[PDB]
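Quick setup: the structure tokens below cover two forms of a single protein chain, split into structure 1 and structure 2.
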Structure 1
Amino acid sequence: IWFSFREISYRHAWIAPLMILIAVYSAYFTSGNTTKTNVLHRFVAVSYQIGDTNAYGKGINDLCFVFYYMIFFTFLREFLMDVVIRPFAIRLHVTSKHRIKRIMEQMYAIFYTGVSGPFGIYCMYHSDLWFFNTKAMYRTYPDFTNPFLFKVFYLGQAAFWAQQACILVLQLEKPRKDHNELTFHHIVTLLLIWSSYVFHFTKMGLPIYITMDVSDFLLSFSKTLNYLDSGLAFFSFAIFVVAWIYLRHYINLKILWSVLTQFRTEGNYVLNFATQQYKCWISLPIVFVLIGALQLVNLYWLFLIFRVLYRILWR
């Protein structure tokens, strides 16, 4: 039965992560107690719940949760992509290899973006930051403990991007036109997640997720719908041009100006290392540099997008 098994599992590449996570899940759920005193609970749930309220703190359990979700997201990817996406793609009749392997990779981006796009907006609805209200991101800066959902969104996405950064290092094969600006993209997504989560500017990180997800969802939607026959996918290009414009540009130009202007005159602006509040005159350069790098790459994608808009329309 054995080498039939490696061939079987060579084909499919979701089976090993599925086995790992089903074993962990089963062992956690059949042990009876599901309280915080386990070990599987440190890995299969957000730790740190403060008392019996809904505000969770930070620690190393967070790293354990992030790593176990790397394991879970890999399986997802592979399961999904191969099982549903490959099969729907080859129902479709668009049949080839630059076009199908690349429609397939788009196809999984719209899946996850629909899930993350709305999770994030939903998470900022139940809060004080509604429709990117900057006053709120800092009105209470240290934030040593965010909420449940919000902590989960934050580490669910570190779990998701980390793993993708690790998959593009692992060196799959072919980048081509991009991998350079896209690697800038990956590394900066990961430093902002890590930085912001760990220095307590989490309510800064929440708005930017909303912009990236809601714009990238429509981007990948247009790319898939174009990769297939078009019909209207050009209505998805208008829509993505305006989602992208409003969201990434205006959205973040207003958050970046929020950073100069209201990092200063909001919250507590003394360095005070003992209270662990670093909102001062030193961290303002670092924050501005990070979001400025995001805005640079986004206008670089805006030049690609605007070159394509007059190009395509006028050729």
Structure 2
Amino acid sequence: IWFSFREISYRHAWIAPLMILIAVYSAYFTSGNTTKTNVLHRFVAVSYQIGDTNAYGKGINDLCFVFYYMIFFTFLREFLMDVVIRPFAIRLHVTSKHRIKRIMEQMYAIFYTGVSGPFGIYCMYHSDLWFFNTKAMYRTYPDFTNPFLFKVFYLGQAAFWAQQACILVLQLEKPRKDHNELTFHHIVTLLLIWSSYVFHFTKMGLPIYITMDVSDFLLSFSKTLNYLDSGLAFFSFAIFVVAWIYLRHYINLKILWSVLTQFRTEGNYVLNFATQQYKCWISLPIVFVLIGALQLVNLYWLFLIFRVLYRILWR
């Protein structure tokens, strides 16, 4: 029933995205010819496979994929949020309101970050990038083709963060203080993702995702133990501080040192617009500045984290 079911959608927000996803998947899978052609393939799978190899190119079908899994992640956020977290988040209870609002949001945070972190370390594991060995982020720069897992992870992150920005600017309900800085974070995350996928700097973009995810996983664990306070809170937070220092500041700073020393002398370094070799002396400032952006934001976050540590130490 048209608006009776609009109401039931008001009772279950995820239902319309689930309806769209199930319709598209059903059309693609009942068609039989689950091939590289048709249309729904370009919508629901990574396209531009180079021959019959594990190497995928770039194109407009990437935009189609990102759009479709924006729809998917919009379904997943709402469905997981209510049906899993709220019964869990009041199944033991945290009687407040904003308390429960932050519990459910941070539980979703830990869920997607716990999914996206280890997958990132997996995709970094079986590749020459192991343990941030920058010498590998430039040794073959133009990198027109990515492996399957690599491309899927990269476009999944793109879709997820684009959907986060879409939820943000489309004010359904306006949350507290953290709003605008959070918008800045999503904007710079999308600038990283897009400008590194488009300009082929994707290997050098993988470790930054890994650091950001693992730091956010530990941060979310500690914050949810804070809003669900217990003895474990302090220990988890101290481990978060250690890992934040190491991963974010040390790894991103050594990556910046790398951009300097092994950008100038670790492969092709003569600009050639014909072969789309953009690693040059004109791109080094852009790379350094646009990673120093994240570095300064991390410094600010660290300052306030320090402040928090001091105050909780003297309380």
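Quick note, the numbers are simply positions in structure 1, starting from 1. Under this definition, the rigid core comprises the largest set of C-alpha atoms superposing within 1.5 Å between the forms.
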Residue from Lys135, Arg91, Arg99, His179 whose Cα, after superposing the rigid core, lies 2 Å or more away between structures 1 and 2: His179
Please state the CA displacement of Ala13 between structures 1 and 2 in angstrom, with both forms fitted on the core. 0.5
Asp229: how large is its C-alpha shift between structures 1 and 2, with the rigid core as the superposition reference, in Å? 2.7
Please give the CA displacement of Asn38 between structures 1 and 2, in Å, after core superposition. 1.3
